[PDB]
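Everything on this sheet refers to the single structure shown next.
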Amino acid sequence: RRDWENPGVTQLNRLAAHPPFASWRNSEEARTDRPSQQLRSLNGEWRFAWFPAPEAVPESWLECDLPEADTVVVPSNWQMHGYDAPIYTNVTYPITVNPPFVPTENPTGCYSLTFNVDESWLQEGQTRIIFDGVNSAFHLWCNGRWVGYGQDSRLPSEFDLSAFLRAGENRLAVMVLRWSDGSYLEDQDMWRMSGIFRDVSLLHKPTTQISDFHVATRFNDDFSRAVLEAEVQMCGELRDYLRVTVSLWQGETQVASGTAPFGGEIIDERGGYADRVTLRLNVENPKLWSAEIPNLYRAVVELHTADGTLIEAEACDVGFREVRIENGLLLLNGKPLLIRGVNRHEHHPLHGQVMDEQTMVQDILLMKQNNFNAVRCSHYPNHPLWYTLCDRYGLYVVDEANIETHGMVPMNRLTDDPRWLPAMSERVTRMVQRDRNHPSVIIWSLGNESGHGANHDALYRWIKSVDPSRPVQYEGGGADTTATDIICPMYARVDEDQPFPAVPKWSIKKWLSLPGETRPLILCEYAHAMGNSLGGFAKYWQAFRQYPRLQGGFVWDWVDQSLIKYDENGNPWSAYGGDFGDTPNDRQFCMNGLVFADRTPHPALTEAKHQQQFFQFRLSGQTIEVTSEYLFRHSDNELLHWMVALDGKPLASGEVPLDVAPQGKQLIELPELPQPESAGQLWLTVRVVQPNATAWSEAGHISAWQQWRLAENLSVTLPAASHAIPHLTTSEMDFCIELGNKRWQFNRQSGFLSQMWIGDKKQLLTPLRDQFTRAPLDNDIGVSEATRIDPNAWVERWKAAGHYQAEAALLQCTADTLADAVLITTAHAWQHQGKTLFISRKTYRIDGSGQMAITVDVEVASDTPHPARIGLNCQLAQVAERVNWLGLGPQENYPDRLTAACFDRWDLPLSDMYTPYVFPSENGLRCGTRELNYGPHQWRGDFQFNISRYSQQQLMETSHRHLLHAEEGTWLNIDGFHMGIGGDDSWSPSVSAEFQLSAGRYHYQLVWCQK
Amino acid sequence: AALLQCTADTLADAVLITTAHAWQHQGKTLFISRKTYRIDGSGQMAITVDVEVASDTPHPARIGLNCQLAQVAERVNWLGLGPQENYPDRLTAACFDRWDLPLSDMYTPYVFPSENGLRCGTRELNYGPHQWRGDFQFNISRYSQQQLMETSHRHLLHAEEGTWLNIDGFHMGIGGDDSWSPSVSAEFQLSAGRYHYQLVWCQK
Ligand SMILES: *[C@H]1O[C@H](CO)[C@H](O)[C@H](O)[C@H]1F
Ligand SMILES: [Mg+2]
Ligand SMILES: [Mg+2]
Ligand code: NA
Ligand code: NA
Ligand code: NA
Ligand code: NA
């Protein structure tokens, strides 16, 4: 049969899909969500063996353990145990495209388990096994006998073992195929793995049972009244004495309850459903569910006899909430949402695609503390617990069918084929069927990157029909097809159009008002967080805030998909595409997260947190206007703290309780602020603090901030004439300057400050030279390989123009003496193949104070690609423990990623000055610095800088962080100007014009000295 | 203007004058100007200017220099945007090239008088035997900003002795989305706080 190469066959003997069951036999257990005895885990220690193909499987296997098998933990991904390689491919299918066939060499994993079944279970009722996630397809046997088959790796496959079990010891044989025709619908850009990766369990149901239940909450115009409607379906023998009781609880308080025997209303000419019943519960002033206040009720569904005897109980958490699109806006409980979302894969650097509750919880808490309110299940139904936690902590969820056919040509090749409708249908239907009772799910998604075909229209229609409670969205085929209630593009830019044929990506602001367009717009993917990215994040936030119809989006993505590997030494390292021998592969493309695989944030996370803030401020004079973007809660666990500093010197602070209603304003008058004895800029900083701990944060959690410049008093004070004057020692090869214990040397061949001495210690390992390039960010690179270039990538443009290859050609080097200083003047040209790219004119003024003032003026040829930077660099001989500076911080920040940073005086261990992106590049810059202190050195001006033990060249030359080696001394990169980092996407130039170094002429001035 | 410093140095091939001034109002330092004048054996005077603008003072209208030339010449020739009046937020129409007009075309006779005649993106300006080089904006006429500012009807203007030259490293947008509320877009406001420019003044 080769059922795995036939889309017409997606399962054999599978039971119908339904919401989470537990078959309690005690209503209070049910009520309380206590553990149910009728439901048990088979997770743990299994027997497993790997074969290169199903045809290599021995018959005996059904019969008895293979001696050679190994004891492994289940659930797991076999690649995570070393049986074969996990493969990292983005678009290109990991197998030959030739549906519905797969390779003859089709890695097969033979799992088996010997376990005990109790007689009680077999005397009566029904016993089924549930495999939450089996990737990609599998055949099942019990005690030697064949039970069934099943496809779709991301939804539960269930089978009736009732007739297969013996009391005592029993044997399960599970033949899992890596590749099946299902794989053609599983082309997500992530690691390609396989096995029994989700729970395995046994559920006992009575013969007469609750086979399905649907919960609906409808409301009146002002939400003061609601009706909970619950449709209940049974299986088993219908009897007049059978009944259903549905009850609702607000905690320990029974809110409502209703009983009725079976038998639905007339549906049509043949009658109604004798085996179903609907209960309707009225609720006055229900407590509404939202991400803001995840108010939940408990619903208990009891199947019993008229005399009070309980057959079984099922139940679920209930959130009263209404989701609907009206007059072009996405409304929740009548209020238009603002989606602060993130896409999230189920990824563990260790466990692979196997998810655990702790990681889930950790993810949710990180999201929430980062001002995230929504998440998209990119790109398939998640492990069942996910929804529960979302229901509980409060996160809006986009539930997505497990359908992605990215690598077909064109993309809709299958989705437009009616012969694929069936397999596709199951992936949609079974999801709705399973998750339709979770309040957290607010939108259904048809899948991802599978073009736009008729199959999508049909399914779009199916959902609308069966679950009018939620909007359906789908980005394929253009983001605004007839199969979507939401314009939900990926990577559409704020102001910039990308008019690709057939599927253009217009500026979001523009998209909304195209002739006849009326839908709301929420990006299904945006601000591609790969490596040093998120440049331009603020531009989106501003726009979302300004246009009602721009209702946010889901950033791409939450966590880097790196996997842990170890070196000889046994030490762990983060791996990516191709690191497992996988090929073809997409290398680092699998790392686009806001946090590293271990959940350590990337610096971009903070930029995301600020921009997603729920309080907005405005300052007028001494008056602060706080505005709340909350729709539902008041600011009841918040205080505003503020503080005034002069140049980092704290001059005054205070707190102020916040008392703003959802969407209201609060003014805060700052008390007269004293006068600073002293030149400089006064800076106001305000943070919103949570005094009390929550379910998602601890007391003192900071949820928002903002800063402003208050008055400024320019300095009009004269240095103060210095006692001594520096001495100029000319020479054939060098201009030397001495001043006390200090010496500066300028190599006349080169035109650069070759060395400096304090006392008898040399200061530099490498001369101080201009720098116009940077170790390329993932955004600079784009898809620019070896096999294939991509001309347009910044990195390509730079390479090609000679940027990395240009060497300095002296044009002038002189020295003069002034009344109180020596003046070194230089001019250099940077050429490539006869083109002068840049010209650097400088002056060094060393005075009686021993301060060297450097003035730089660079000219950039207009027809050369705008440089990554305009600064200087050198290798210092020293290695200090800390870095202290007066500027933007404390975290890494770039020009188009600097809103979250604050201007103040920061001090960190040098290590905190380097950012450990798994794929190395220019990192750790800090902008708007007026003063930098390191070792004996002090630099002052208004520049950007980074400082670490790794040079630009090393960075650019090393593919993996674990391979970096601290160099001798410390590398300092100090820039007058630094180019934006971009990120609207990572595969095309995304650095906005205002952040490009196009001026042609730049001036900067630095003062170097010893403190 | 409050002089903070003024000095003279002798170079290999030149004399260097270094100055610094503080502009204040009611005890407030509004702006700081720091310069060097470098005259070499070639007769070229190179002016380098660095200014600081208090962050809490309103963004200034322009950052430049000005002076009344003794001389009155018939034409003005320049290498930059033109030939007509052009401002920062109103210069797309203008073209960069070599322009040469009668002095008078360098003045815009708006009925209600104001700053006018500016030309941006100039690399070279020649008037009489004078010549200025760099990268700036300038205006030149027989009318001071003060006159312009005190006279409300163009007919009431009177040519002053000599020619007033306004050379700017920087000039604020003129606006106009409306004429009754501030309309200069932020990108056209002189809010950077620190400004630098340099010009070469010489003869020919
Ligand atoms: C949106 O694009 C990103 C690119 O890293 C991923 O491929 C997503 O799965 C896709 F839907
Ligand atoms: Mg099949
Ligand atoms: Mg894809
Ligand atoms: Na909006
Ligand atoms: Na990716
Ligand atoms: Na690199
Ligand atoms: Na006037």
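By convention in this document, the chains of the structure tokens carry letters A, B, ... by their order, each chain's residues are numbered from 1, and ligands are numbered from 1 in the order they are shown.
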Could you tell me which residues of chain B sit within 9 Å of chain A when counting only C-alpha atoms, and give me the result as a compact mmCIF listing (two decimals) with N, CA and C atoms, in the first residue's frame?
```txt
# COMPACT_ATOMS: atom_id res chain seq x y z
N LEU B 4 35.17 85.33 23.67
CA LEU B 4 35.72 84.46 24.68
C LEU B 4 37.21 84.31 24.41
N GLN B 5 37.60 84.46 23.14
CA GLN B 5 38.97 84.29 22.84
C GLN B 5 39.23 84.81 21.47
N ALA B 8 46.31 84.79 17.70
CA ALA B 8 47.15 84.74 16.54
C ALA B 8 48.39 83.87 16.71
N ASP B 9 48.60 83.03 15.70
CA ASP B 9 49.67 82.08 15.53
C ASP B 9 50.27 82.19 14.14
N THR B 10 51.56 81.92 14.07
CA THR B 10 52.30 81.94 12.82
C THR B 10 52.80 80.56 12.47
N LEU B 11 52.32 80.17 11.30
CA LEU B 11 52.65 78.91 10.72
C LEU B 11 53.80 79.01 9.76
N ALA B 12 54.10 77.81 9.33
CA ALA B 12 55.13 77.59 8.37
C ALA B 12 54.81 78.51 7.23
N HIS B 21 33.29 83.09 20.40
CA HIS B 21 32.31 84.06 20.89
C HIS B 21 31.11 83.40 21.55
N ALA B 22 30.52 84.12 22.46
CA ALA B 22 29.34 83.64 23.12
C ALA B 22 28.20 84.64 22.87
N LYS B 28 21.47 84.22 29.14
CA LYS B 28 21.37 82.91 28.55
C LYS B 28 22.35 82.75 27.41
N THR B 29 23.10 81.66 27.39
CA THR B 29 23.97 81.52 26.24
C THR B 29 23.18 80.79 25.17
N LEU B 30 22.91 81.48 24.09
CA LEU B 30 22.12 81.03 22.96
C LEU B 30 22.94 80.27 21.99
N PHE B 31 24.07 80.86 21.61
CA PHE B 31 24.95 80.19 20.67
C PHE B 31 26.40 80.47 20.96
N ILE B 32 27.24 79.53 20.51
CA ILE B 32 28.69 79.62 20.59
C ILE B 32 29.29 79.38 19.22
N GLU B 52 27.62 75.98 18.34
CA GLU B 52 26.80 75.26 19.29
C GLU B 52 25.54 76.09 19.51
N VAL B 53 24.37 75.42 19.49
CA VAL B 53 23.08 76.03 19.73
C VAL B 53 22.42 75.42 20.94
N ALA B 54 22.08 76.27 21.91
CA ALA B 54 21.44 75.73 23.07
C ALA B 54 20.24 74.94 22.60
N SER B 55 20.17 73.76 23.15
CA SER B 55 19.10 72.83 22.82
C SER B 55 17.76 73.38 23.23
N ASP B 56 17.70 74.21 24.28
CA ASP B 56 16.41 74.75 24.71
C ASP B 56 16.09 76.10 24.11
N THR B 57 16.82 76.55 23.08
CA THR B 57 16.48 77.81 22.49
C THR B 57 15.78 77.43 21.22
N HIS B 196 28.83 72.74 11.69
CA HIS B 196 30.12 72.98 11.16
C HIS B 196 30.07 73.29 9.70
N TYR B 197 30.86 74.29 9.36
CA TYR B 197 31.03 74.68 7.98
C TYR B 197 32.35 75.40 7.77
```
Legend entry - Residue list (strand (DSSP E or B), DSSP) for stretch 102-179 of chain B, as a PyMOL selection string: chain B and resi 102+119-127+130-141+163-171
Take the residues just selected and output them with N, CA and C atoms as a compact mmCIF listing (two decimals), in the first residue's frame.
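Generated file (out_37.txt):
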```txt
# COMPACT_ATOMS: atom_id res chain seq x y z
N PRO B 102 22.50 89.46 -13.34
CA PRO B 102 22.64 90.80 -12.86
C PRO B 102 22.30 90.75 -11.35
N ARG B 119 20.03 81.16 -2.53
CA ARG B 119 20.45 80.13 -3.49
C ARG B 119 21.21 79.12 -2.64
N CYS B 120 20.80 77.89 -2.77
CA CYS B 120 21.45 76.82 -2.03
C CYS B 120 22.47 76.02 -2.84
N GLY B 121 23.10 75.08 -2.18
CA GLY B 121 24.06 74.14 -2.78
C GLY B 121 25.14 74.76 -3.62
N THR B 122 25.63 75.86 -3.11
CA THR B 122 26.65 76.56 -3.81
C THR B 122 28.04 76.15 -3.37
N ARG B 123 28.85 75.88 -4.37
CA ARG B 123 30.22 75.50 -4.14
C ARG B 123 31.12 76.67 -4.44
N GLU B 124 30.65 77.60 -5.26
CA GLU B 124 31.45 78.74 -5.64
C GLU B 124 30.62 79.95 -5.99
N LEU B 125 31.06 81.03 -5.40
CA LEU B 125 30.43 82.32 -5.56
C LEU B 125 31.51 83.36 -5.83
N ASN B 126 31.29 84.14 -6.90
CA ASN B 126 32.18 85.20 -7.37
C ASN B 126 31.48 86.55 -7.46
N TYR B 127 31.98 87.59 -6.79
CA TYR B 127 31.36 88.93 -6.88
C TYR B 127 32.47 90.00 -6.98
N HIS B 130 35.95 89.41 -5.68
CA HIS B 130 35.88 88.38 -4.63
C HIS B 130 35.45 87.01 -5.01
N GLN B 131 35.90 86.04 -4.28
CA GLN B 131 35.39 84.77 -4.66
C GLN B 131 35.32 83.97 -3.44
N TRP B 132 34.18 83.25 -3.26
CA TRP B 132 34.04 82.37 -2.10
C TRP B 132 33.80 80.93 -2.51
N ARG B 133 34.45 80.07 -1.73
CA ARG B 133 34.33 78.66 -2.00
C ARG B 133 34.01 77.87 -0.78
N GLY B 134 33.27 76.78 -1.03
CA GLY B 134 32.87 75.86 -0.01
C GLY B 134 31.59 75.16 -0.39
N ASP B 135 30.68 75.06 0.58
CA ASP B 135 29.43 74.36 0.36
C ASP B 135 28.39 75.06 1.19
N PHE B 136 27.77 76.07 0.59
CA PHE B 136 26.83 76.85 1.37
C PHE B 136 25.67 77.41 0.54
N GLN B 137 24.93 78.26 1.22
CA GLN B 137 23.81 79.01 0.70
C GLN B 137 24.12 80.50 0.93
N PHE B 138 23.59 81.30 0.06
CA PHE B 138 23.92 82.69 0.25
C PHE B 138 22.84 83.50 -0.45
N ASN B 139 22.90 84.79 -0.16
CA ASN B 139 22.05 85.82 -0.72
C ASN B 139 22.93 87.05 -0.81
N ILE B 140 22.56 87.89 -1.76
CA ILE B 140 23.35 89.07 -1.97
C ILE B 140 22.51 90.14 -2.60
N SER B 141 22.49 91.31 -1.94
CA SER B 141 21.68 92.41 -2.45
C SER B 141 22.17 93.66 -1.81
N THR B 163 27.26 96.20 -0.95
CA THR B 163 26.45 95.02 -1.08
C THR B 163 26.45 94.13 0.13
N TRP B 164 25.26 93.76 0.62
CA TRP B 164 25.19 92.86 1.75
C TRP B 164 25.22 91.43 1.32
N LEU B 165 26.15 90.69 1.91
CA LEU B 165 26.33 89.30 1.61
C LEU B 165 25.95 88.55 2.87
N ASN B 166 25.14 87.50 2.67
CA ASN B 166 24.66 86.56 3.68
C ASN B 166 25.11 85.19 3.22
N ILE B 167 26.11 84.63 3.89
CA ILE B 167 26.60 83.31 3.49
C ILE B 167 26.30 82.34 4.60
N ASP B 168 25.53 81.32 4.28
CA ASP B 168 25.15 80.41 5.34
C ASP B 168 25.69 79.02 5.25
N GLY B 169 26.10 78.48 6.39
CA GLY B 169 26.54 77.12 6.29
C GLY B 169 25.20 76.39 6.27
N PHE B 170 24.26 76.94 7.06
CA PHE B 170 22.89 76.41 7.28
C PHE B 170 21.73 77.45 7.23
N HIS B 171 20.60 77.01 6.64
CA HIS B 171 19.39 77.79 6.49
C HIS B 171 18.11 76.99 6.67
```
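Our summary of the geometry notes that atom CA of residue A:317 is positioned 8.7 Å from atom CA of residue A:392.
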Give me the residues within 8 Å of stretch 174-191 of chain B as a PDB file with N, CA, C and O atoms, in the first residue's frame, counting only C-alpha atoms and dropping any in the same chain fewer than 5 places off.
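So selection22.pdb came out as:
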```pdb
ATOM      1  N   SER B  55      20.168  73.757  23.153  1.00  0.00           N
ATOM      2  CA  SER B  55      19.096  72.827  22.823  1.00  0.00           C
ATOM      3  C   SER B  55      17.756  73.380  23.231  1.00  0.00           C
ATOM      4  O   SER B  55      16.774  73.039  22.609  1.00  0.00           O
ATOM      5  N   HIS B  59      15.029  76.708  17.458  1.00  0.00           N
ATOM      6  CA  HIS B  59      15.923  76.516  16.330  1.00  0.00           C
ATOM      7  C   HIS B  59      16.036  77.786  15.509  1.00  0.00           C
ATOM      8  O   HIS B  59      15.057  78.365  15.061  1.00  0.00           O
ATOM      9  N   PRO B  60      17.281  78.177  15.312  1.00  0.00           N
ATOM     10  CA  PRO B  60      17.559  79.383  14.607  1.00  0.00           C
ATOM     11  C   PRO B  60      17.205  79.313  13.144  1.00  0.00           C
ATOM     12  O   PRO B  60      17.182  78.261  12.516  1.00  0.00           O
ATOM     13  N   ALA B  61      16.991  80.495  12.612  1.00  0.00           N
ATOM     14  CA  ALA B  61      16.690  80.707  11.210  1.00  0.00           C
ATOM     15  C   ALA B  61      17.826  80.358  10.231  1.00  0.00           C
ATOM     16  O   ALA B  61      17.592  79.954   9.070  1.00  0.00           O
ATOM     17  N   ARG B  62      19.061  80.551  10.678  1.00  0.00           N
ATOM     18  CA  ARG B  62      20.193  80.305   9.798  1.00  0.00           C
ATOM     19  C   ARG B  62      21.420  80.289  10.657  1.00  0.00           C
ATOM     20  O   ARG B  62      21.408  80.821  11.770  1.00  0.00           O
ATOM     21  N   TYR B  87      15.269  77.640  -1.609  1.00  0.00           N
ATOM     22  CA  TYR B  87      15.411  77.398  -0.170  1.00  0.00           C
ATOM     23  C   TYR B  87      15.496  75.928   0.034  1.00  0.00           C
ATOM     24  O   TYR B  87      15.277  75.193  -0.931  1.00  0.00           O
ATOM     25  N   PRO B  88      15.815  75.534   1.278  1.00  0.00           N
ATOM     26  CA  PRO B  88      15.993  74.120   1.542  1.00  0.00           C
ATOM     27  C   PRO B  88      14.812  73.213   1.256  1.00  0.00           C
ATOM     28  O   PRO B  88      14.982  72.110   0.756  1.00  0.00           O
ATOM     29  N   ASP B  89      13.624  73.684   1.593  1.00  0.00           N
ATOM     30  CA  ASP B  89      12.428  72.908   1.375  1.00  0.00           C
ATOM     31  C   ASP B  89      11.788  73.318   0.068  1.00  0.00           C
ATOM     32  O   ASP B  89      10.674  72.898  -0.262  1.00  0.00           O
ATOM     33  N   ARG B  90      12.497  74.144  -0.691  1.00  0.00           N
ATOM     34  CA  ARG B  90      11.943  74.555  -1.971  1.00  0.00           C
ATOM     35  C   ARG B  90      13.073  74.674  -2.951  1.00  0.00           C
ATOM     36  O   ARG B  90      13.369  75.732  -3.474  1.00  0.00           O
TER      37      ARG B  90
END
```
Legend entry - Interatomic distance (Å, one decimal) between atom CA of residue A:218 and atom CA of residue A:393: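 So the answer is 22.8 Å.
A straight line drawn from atom CA of residue A:420 to atom CA of residue A:462 is 15.8 Å long.
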Inset, instruction - Would you list the contacts of residue B:103 as a list in words, taking every protein, DNA or RNA residue within 6 Å and counting only C-alpha atoms, but skipping same-chain residues closer than 3 positions in sequence? - result: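 Counting only C-alpha atoms, the residues come to residues 74, 75, 76 and 106 of chain B.
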Legend entry - Exercise answer, 10 Å around ligand 1 with only C-alpha atoms and all ligand atoms, as a ChimeraX atom specification: /A:89-91,187-190,343-345,378-379,404,406,447-450,475-476,489-491,524-526,528-530,555-557,588-593,985-987
Legend entry - Nearby polymer residues, ligand 6, at most 10 Å, only C-alpha atoms and all ligand atoms, as a PyMOL selection string: chain A and resi 775-778+781+917-922+952-961+964
Selection to disk with C-alpha atoms, as a PDB file, in the first residue's frame:
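Output (again26.pdb):
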```pdb
ATOM      1  CA  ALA A 775      31.910  43.379   9.723  1.00  0.00           C
ATOM      2  CA  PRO A 776      28.682  42.682   7.881  1.00  0.00           C
ATOM      3  CA  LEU A 777      25.419  42.225   9.695  1.00  0.00           C
ATOM      4  CA  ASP A 778      23.041  39.519   8.486  1.00  0.00           C
ATOM      5  CA  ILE A 781      24.508  40.262   3.661  1.00  0.00           C
ATOM      6  CA  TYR A 917      25.257  36.977  17.915  1.00  0.00           C
ATOM      7  CA  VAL A 918      25.743  33.357  16.856  1.00  0.00           C
ATOM      8  CA  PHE A 919      26.841  34.476  13.418  1.00  0.00           C
ATOM      9  CA  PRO A 920      29.364  37.174  14.143  1.00  0.00           C
ATOM     10  CA  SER A 921      29.357  40.798  12.921  1.00  0.00           C
ATOM     11  CA  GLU A 922      29.775  44.403  13.828  1.00  0.00           C
ATOM     12  CA  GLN A 952      36.301  43.851  12.654  1.00  0.00           C
ATOM     13  CA  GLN A 953      38.348  41.542  10.507  1.00  0.00           C
ATOM     14  CA  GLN A 954      38.059  38.641  12.916  1.00  0.00           C
ATOM     15  CA  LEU A 955      34.312  39.182  13.183  1.00  0.00           C
ATOM     16  CA  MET A 956      33.846  39.272   9.549  1.00  0.00           C
ATOM     17  CA  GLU A 957      36.016  36.231   9.112  1.00  0.00           C
ATOM     18  CA  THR A 958      34.367  34.036  11.712  1.00  0.00           C
ATOM     19  CA  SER A 959      31.124  32.227  10.934  1.00  0.00           C
ATOM     20  CA  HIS A 960      30.507  31.064  14.507  1.00  0.00           C
ATOM     21  CA  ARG A 961      30.712  32.874  17.871  1.00  0.00           C
ATOM     22  CA  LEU A 964      36.011  33.776  18.151  1.00  0.00           C
TER      23      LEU A 964
END
```
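Residues in contact with ligand 4 (atom pairs separated by at most 10 Å; only C-alpha atoms and all ligand atoms) are residues 329, 336, 337, 338, 339, 520, 521, 522, 541, 542, 543, 544, 545, 546, 547, 548, 549, 550, 551 and 552 of chain A.
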Inset, instruction - Please give me, as a ChimeraX atom specification, the residues lying within 7 Å of ligand 2 when counting only C-alpha atoms and all ligand atoms. - result: /A:3-10,151,180-182
Using the selection just defined, write its residues with C-alpha atoms as an mmCIF file, in the first residue's frame.
```cif
data_model
loop_
_atom_site.group_PDB
_atom_site.id
_atom_site.type_symbol
_atom_site.label_atom_id
_atom_site.label_comp_id
_atom_site.auth_asym_id
_atom_site.auth_seq_id
_atom_site.Cartn_x
_atom_site.Cartn_y
_atom_site.Cartn_z
ATOM 1 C CA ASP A 3 -0.116 4.919 2.172
ATOM 2 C CA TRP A 4 2.627 7.485 2.738
ATOM 3 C CA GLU A 5 2.761 8.335 -0.932
ATOM 4 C CA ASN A 6 -0.928 9.087 -1.378
ATOM 5 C CA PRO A 7 -2.543 12.320 -0.415
ATOM 6 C CA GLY A 8 -5.849 10.491 -0.891
ATOM 7 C CA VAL A 9 -4.799 8.615 2.286
ATOM 8 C CA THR A 10 -4.081 10.776 5.367
ATOM 9 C CA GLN A 151 -0.678 11.940 8.905
ATOM 10 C CA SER A 180 5.248 11.136 3.520
ATOM 11 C CA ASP A 181 2.976 12.884 1.084
ATOM 12 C CA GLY A 182 2.207 15.067 4.217
#
```
Inset, instruction - Identify, on the basis of only C-alpha atoms, every residue whose closest approach to residue A:424 does not exceed 10 Å; exclude the query and any residue fewer than 4 positions from it along the same chain; express the result as a list in words. - result: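 Those residues are residues 7, 10, 152, 182, 185, 401, 402, 403, 414, 415, 418, 419, 420, 428, 429, 446, 447, 455, 456 and 459 of chain A.
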Write to file, as a compact mmCIF listing (two decimals), in the first residue's frame, the residues of the selection just made, with N, CA, C and O atoms.
```txt
# COMPACT_ATOMS: atom_id res chain seq x y z
N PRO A 7 -1.83 11.18 -0.99
CA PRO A 7 -2.54 12.32 -0.41
C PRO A 7 -4.03 11.99 -0.26
O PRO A 7 -4.78 12.64 0.50
N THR A 10 -4.70 9.99 4.30
CA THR A 10 -4.08 10.78 5.37
C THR A 10 -4.21 10.12 6.72
O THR A 10 -3.64 10.56 7.74
N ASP A 152 -0.20 14.32 9.23
CA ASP A 152 -0.26 15.67 9.83
C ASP A 152 0.48 15.64 11.16
O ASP A 152 -0.07 15.27 12.17
N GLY A 182 2.53 13.96 3.30
CA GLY A 182 2.21 15.07 4.22
C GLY A 182 3.29 16.12 4.22
O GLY A 182 3.10 17.33 4.46
N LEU A 185 3.06 19.23 2.56
CA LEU A 185 2.30 20.28 3.23
C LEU A 185 2.99 20.76 4.45
O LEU A 185 2.39 21.49 5.23
N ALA A 401 -3.22 26.49 10.66
CA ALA A 401 -3.24 25.12 10.15
C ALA A 401 -1.84 24.80 9.67
O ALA A 401 -1.10 25.68 9.25
N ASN A 402 -1.52 23.51 9.75
CA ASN A 402 -0.23 22.99 9.36
C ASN A 402 -0.16 22.68 7.87
O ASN A 402 -0.16 21.52 7.36
N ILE A 403 -0.11 23.80 7.18
CA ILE A 403 -0.06 23.80 5.73
C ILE A 403 0.89 24.87 5.24
O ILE A 403 0.60 26.07 5.38
N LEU A 414 -0.12 23.03 -5.35
CA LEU A 414 -1.04 22.07 -4.75
C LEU A 414 -2.35 22.63 -4.22
O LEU A 414 -3.38 21.99 -4.25
N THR A 415 -2.26 23.81 -3.62
CA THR A 415 -3.42 24.46 -2.98
C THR A 415 -4.45 24.86 -3.98
O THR A 415 -5.59 25.03 -3.60
N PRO A 418 -7.65 20.52 -6.71
CA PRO A 418 -8.77 19.94 -5.97
C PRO A 418 -8.40 18.58 -5.43
O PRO A 418 -8.90 18.10 -4.41
N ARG A 419 -7.47 17.93 -6.12
CA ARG A 419 -7.05 16.66 -5.59
C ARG A 419 -6.33 16.85 -4.24
O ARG A 419 -6.22 15.87 -3.54
N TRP A 420 -5.81 18.05 -3.87
CA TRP A 420 -5.15 18.25 -2.56
C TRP A 420 -6.11 18.83 -1.54
O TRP A 420 -5.78 19.09 -0.38
N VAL A 428 -7.11 21.88 8.37
CA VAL A 428 -7.87 23.04 8.84
C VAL A 428 -8.96 22.56 9.83
O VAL A 428 -9.05 22.96 11.01
N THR A 429 -9.81 21.66 9.36
CA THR A 429 -10.90 21.18 10.18
C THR A 429 -10.55 20.62 11.56
O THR A 429 -11.22 20.86 12.59
N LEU A 446 -5.16 30.04 7.84
CA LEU A 446 -5.20 28.95 6.89
C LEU A 446 -3.87 28.29 6.63
O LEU A 446 -3.80 27.33 5.90
N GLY A 447 -2.79 28.79 7.21
CA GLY A 447 -1.52 28.17 6.91
C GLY A 447 -0.50 29.22 6.53
O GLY A 447 -0.54 30.40 6.93
N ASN A 455 -8.50 25.83 -3.03
CA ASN A 455 -8.57 25.08 -1.78
C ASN A 455 -8.66 26.07 -0.61
O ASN A 455 -9.40 25.81 0.35
N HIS A 456 -7.96 27.22 -0.68
CA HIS A 456 -8.01 28.19 0.43
C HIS A 456 -9.37 28.88 0.57
O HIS A 456 -9.86 29.17 1.67
N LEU A 459 -11.92 26.48 2.21
CA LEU A 459 -11.65 26.25 3.62
C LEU A 459 -11.92 27.51 4.45
O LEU A 459 -12.37 27.47 5.61
```
Legend entry - Of the listed residues B:158, B:66, B:84, B:17, that which approaches residue B:47 most closely, counting only C-alpha atoms: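 Once distances to residue B:47 are computed over only C-alpha atoms, the minimum belongs to B:17.
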Legend entry - Picked from chain B by DSSP as helix (DSSP H, G or I), as a ChimeraX atom specification: /B:103-106,145-150,154-156,186-188
Inset, instruction - Using only C-alpha atoms and all ligand atoms, find each residue with an atom at most 12 Å away from ligand 7 and format the answer as a ChimeraX atom specification. - result: /B:109-116,143-157
Inset, instruction - For residue A:518, list every protein, DNA or RNA residue within 8 Å, evaluated using only C-alpha atoms, and leave out those in the same chain fewer than 4 positions away; present the list as a PyMOL selection string. - result: chain A and resi 327-328+512-513
Go ahead and dump the residues you just picked, C-alpha atoms, as a tab-separated table (two decimals), in the first residue's frame.
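The resulting file, result33.tsv, is reproduced below:
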```tsv
chain	number	residue	atom	x	y	z
A	327	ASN	CA	-16.26	49.14	9.92
A	328	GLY	CA	-12.73	47.92	9.07
A	512	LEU	CA	-5.19	50.47	3.45
A	513	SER	CA	-6.61	53.02	1.16
```
